[PDB]
Amino acid sequence: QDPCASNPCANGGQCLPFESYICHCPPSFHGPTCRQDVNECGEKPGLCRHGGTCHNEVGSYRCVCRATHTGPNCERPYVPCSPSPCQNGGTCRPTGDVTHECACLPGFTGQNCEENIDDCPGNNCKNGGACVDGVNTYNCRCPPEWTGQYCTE
Ligand SMILES: [Ca+2]
Ligand SMILES: [Ca+2]
Ligand SMILES: [Ca+2]
């Protein structure tokens with residue numbers, strides 16, 4: 001005769017007997033069986049600090065920060081070069097309050113030096129050798145019957 005044996009609650013709620021039953025919900029859900037989402041933005045205005053916009057979700061919320069701030073609740077100020085966004089040992093230079101510039105190392109390119117420049121366009125791999133791109137170079141993956149740097153030996 002346990003009413004909780006049927007498992008009436010959902011989304012992490014704990015069933016407890018009382019007189020029928022009750023579902024003790026986690027803070028992210030509410031209602032008789034924890035099936036309705038709590039709007040965190042509505043319960044605490046200014047949840048996303050420094051003029052951030054709160055967006056409610058099923059089981060959580062997300063903060064949309066303005067360019068000048070960062071963090072889960074837009075609390076940490078945005079510094080263009082700390083943490084540094086440039087990839088592959090690239091040097092970061094700030095150009096403004098929110099804009100930045102990456103000085104790429106030879107071989108890399110793009111806004112944040114994330115793209116490796118393809119060195120295969122003018123490759124000299126012969127006899128069906130496949131050009132494999134590297135950092136400022138390339139190597140030919142030769143078929144089994146051919147050897148050498150350009151698949152000629
Ligand atoms: Ca509701
Ligand atoms: Ca929510
Ligand atoms: Ca390359």
# chains A, B, ... in the order shown; residues from 1 in each chain; ligands from 1

$ residues_near_ligand --ligand "ligand 2" --cutoff "12 Å" --atoms "only C-alpha atoms and all ligand atoms" --output "list in words"
residues 26, 27, 28, 29, 30, 35, 36, 37, 38, 39, 40, 41, 42, 43, 44, 54, 55, 56, 57, 58, 59, 60, 61, 62 and 63 of chain A

$ select_by_dssp --residues "chain A" --states "alpha helix (DSSP H)" --output "JSON, numbers by chain"
{"A": [40, 41, 42, 43]}

$ closest_atom_pairs --of "chain A" --to "ligand 3" --cutoff "7 Å" --atoms "only C-alpha atoms and all ligand atoms" --output "JSON lines"
{"residue": "A:107", "atom": "CA", "partner": "ligand 3", "partner_atom_place_in_ligand_line": "1 (Ca)", "distance": 6.0}
{"residue": "A:116", "atom": "CA", "partner": "ligand 3", "partner_atom_place_in_ligand_line": "1 (Ca)", "distance": 4.9}
{"residue": "A:117", "atom": "CA", "partner": "ligand 3", "partner_atom_place_in_ligand_line": "1 (Ca)", "distance": 4.3}
{"residue": "A:118", "atom": "CA", "partner": "ligand 3", "partner_atom_place_in_ligand_line": "1 (Ca)", "distance": 4.3}
{"residue": "A:119", "atom": "CA", "partner": "ligand 3", "partner_atom_place_in_ligand_line": "1 (Ca)", "distance": 5.0}
{"residue": "A:133", "atom": "CA", "partner": "ligand 3", "partner_atom_place_in_ligand_line": "1 (Ca)", "distance": 4.8}
{"residue": "A:134", "atom": "CA", "partner": "ligand 3", "partner_atom_place_in_ligand_line": "1 (Ca)", "distance": 4.4}
{"residue": "A:135", "atom": "CA", "partner": "ligand 3", "partner_atom_place_in_ligand_line": "1 (Ca)", "distance": 4.7}
{"residue": "A:136", "atom": "CA", "partner": "ligand 3", "partner_atom_place_in_ligand_line": "1 (Ca)", "distance": 5.6}
{"residue": "A:137", "atom": "CA", "partner": "ligand 3", "partner_atom_place_in_ligand_line": "1 (Ca)", "distance": 6.3}

$ closest_residue --among "A:32, A:13, A:121, A:77" --to "ligand 1" --atoms "only C-alpha atoms and all ligand atoms"
A:32

$ atom_distance --atom1 "atom CA of residue A:82" --atom2 "atom CA of residue A:111"
16.4 Å

$ residues_around --residues "residue A:73" --least-positions-apart "3" --cutoff "7 Å" --atoms "only C-alpha atoms" --output "count of residues only"
4

$ closest_residue --among "A:2, A:76, A:31, A:21" --to "ligand 1" --atoms "only C-alpha atoms and all ligand atoms"
A:31

$ closest_residue --among "A:113, A:125, A:65, A:132" --to "residue A:147" --atoms "only C-alpha atoms"
A:125

$ residues_around --residues "residue A:14" --least-positions-apart "2" --cutoff "12 Å" --atoms "only C-alpha atoms" --output "MDAnalysis selection string"
chainID A and resid 4:5 7:12 16:17 21:26 29:30 32:34

$ select_by_dssp --residues "chain A" --states "strand (DSSP E or B)" --output "PyMOL selection string"
chain A and resi 14-17+21-24+29-30+36-37+53-57+60-64+69-70+76-77+91-94+100-103+108-109+115-116+130-133+138-141

$ closest_residue --among "A:142, A:67, A:102, A:151" --to "residue A:81" --atoms "only C-alpha atoms"
A:102
